[PDB]
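Below is one structure, written out as structure tokens, with a few remarks after it.
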Protein chains: 2
Amino acid sequence: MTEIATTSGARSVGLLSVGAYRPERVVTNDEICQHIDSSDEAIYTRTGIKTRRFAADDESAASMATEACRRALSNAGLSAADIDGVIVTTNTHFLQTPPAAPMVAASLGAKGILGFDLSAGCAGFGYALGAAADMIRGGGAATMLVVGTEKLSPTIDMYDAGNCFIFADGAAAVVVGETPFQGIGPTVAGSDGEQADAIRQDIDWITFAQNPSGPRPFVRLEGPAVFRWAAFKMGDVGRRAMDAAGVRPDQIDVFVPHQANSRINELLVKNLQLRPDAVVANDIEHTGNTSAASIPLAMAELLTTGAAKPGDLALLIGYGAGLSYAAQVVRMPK
Amino acid sequence: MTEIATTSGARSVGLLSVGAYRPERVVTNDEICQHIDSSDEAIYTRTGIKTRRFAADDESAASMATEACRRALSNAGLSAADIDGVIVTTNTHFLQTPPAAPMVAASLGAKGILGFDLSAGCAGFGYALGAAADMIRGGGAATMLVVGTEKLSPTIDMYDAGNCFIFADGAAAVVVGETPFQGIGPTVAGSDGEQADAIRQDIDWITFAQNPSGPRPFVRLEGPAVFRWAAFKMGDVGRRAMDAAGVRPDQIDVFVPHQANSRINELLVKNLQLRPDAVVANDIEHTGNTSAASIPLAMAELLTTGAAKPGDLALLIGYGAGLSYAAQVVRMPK
């Protein structure tokens, strides 16, 4: 009997561009210490954060995603029509349904293209990238939009003196398409579910809905557990991503780790054995932790400043919520 | 300069098995009719639903997902150690974070495997399937677990005579791996953002959180709009999926559309132009609309009753929320 046919596309794919959308409101550490017993320097030393952006009450994960996709398109000198699918990665979409992918697409003027929402915590960008790369090479699409968008501020607990100054809002997208040379290395991902409560929402929405007059949900973070994990585990992950990419550590030019903690990342940079002149993203200082949007936003800045240059060999390492991680070597877009 | 390396996997992948878990509680029409002004017949003739399962309070999307994965494993004659990654698709995970995927992986005794959550409405299964297939072929994995799990019950408004008898709970997983012959055809998907409000959550969790005294969030469905969309658009989708899989209509053995409405699917079976003896899933009659778990659960039944046998050529068509759709031809598992 007949066999089920297959499809395929360009085996060579990369980042054609990156677009970033940063909320207007600039929240300082002192503006946060209006409710916490800490200081400007106390936070900056323990976290490496000075300020971060917060989104307006009417803005959402979806609205910022679209806005970041429009810039990623422009920067790629593309039209919405040139996109065959969009993957939206986020953890702050506050509607069980409908997903946001099709919404985004509609606002972009391609309401009909394929797309879905992907959640894997602050490391959702790495999975979406690999997923888009696999789909293109599999012939499911020719060019795609991968956007990380987060609006964590509304989920932050004013009084929580352990993370109210960590999370921030934001969104950034990248265009993935065929390239004359391989631009996206193999994905190296994994997880540790036995520490799923390290980064979490303390109370589920249905339990809360059942008692409204009771405690409201809020994002919780056991910084220590996450610190020990990230700082001393993402080193091997990085070496695995570079290994599957066939590149030497001293061959990378840009290192973009998830902007969770500057003290974590300085640990990593030292562990990865990179070139003393490698460009490291320190974006967190003024962006804070934007979860799934983190890496994308960071890439966008290194490009803007011009520390990083289109075509540089970068190491992307995403880690966070539910204790999941995604890594891969890629070539910096535009 | 140097080369970003490229990986590769088996080119031929398929469904190795399917496992289904349906909640113990069996809710009848009359029970849902206690709270509405509708009838047993009235529902059954409009919808084709007579009974539906409901998960206990102590259960959740995650717990049922694990349960269904354990059966998919046993049915595939595998252990958790044989899985390289799990994709959890759902829209009833009541936590913004952490991701469910790693949690179900931990319960299976494989906390380290890669994995993420995917939401694309009732059509999230099709995307996850394609995504797994693409990953395997891409060498990012050899064997994966794709599970659709839903716990819609907690989001139902007993007082809503327009959809309080359509949604039900459940879960079901499949093992995807290398197979003698291609078992999963190319993916065909798309969406319709302009109709985002067709299946949705009236109030976002953050707006509600800022007013616990106000109306609680529920799931609202616009049956008519969805009906006119599904019934007269999923026909071309099906033809696309069969076209890309290099399969002719008459070749198809099993047609497994989303268990949305028996009347809808009834119209599709004709429009498709399958064989007069082509079997169709009628699982919805005692399962109801279980969103992302729908297709998987349906496949599991047709296999148990024997209406469908291992190796059969099936057409999967998922449609629903945020108005997204995913389709592909596959070979029924063993």
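This entry, so its header tells us, was determined using X-ray crystallography, 2.5 Å.
Cβ atoms here come from the backbone N, Cα and C positions, even for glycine.
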Of the residue ranges A:34-38, A:44-48, A:259-263, the one that Swiss-Prot records as region 'ACP-binding': A:259-263
Under 8 Å by Cβ from A:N289 (active site), counting only residues of that chain that are 6 or more apart: A:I49, A:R52, A:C122, A:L152, A:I166, A:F167, A:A168, A:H258, A:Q259, A:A260, A:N261
Cβ neighbour count (within 10 Å, all chains shown) around A:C122 (active site): 33
Assigned element (helix, strand, coil) containing A:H258 (active site), judged by DSSP: coil
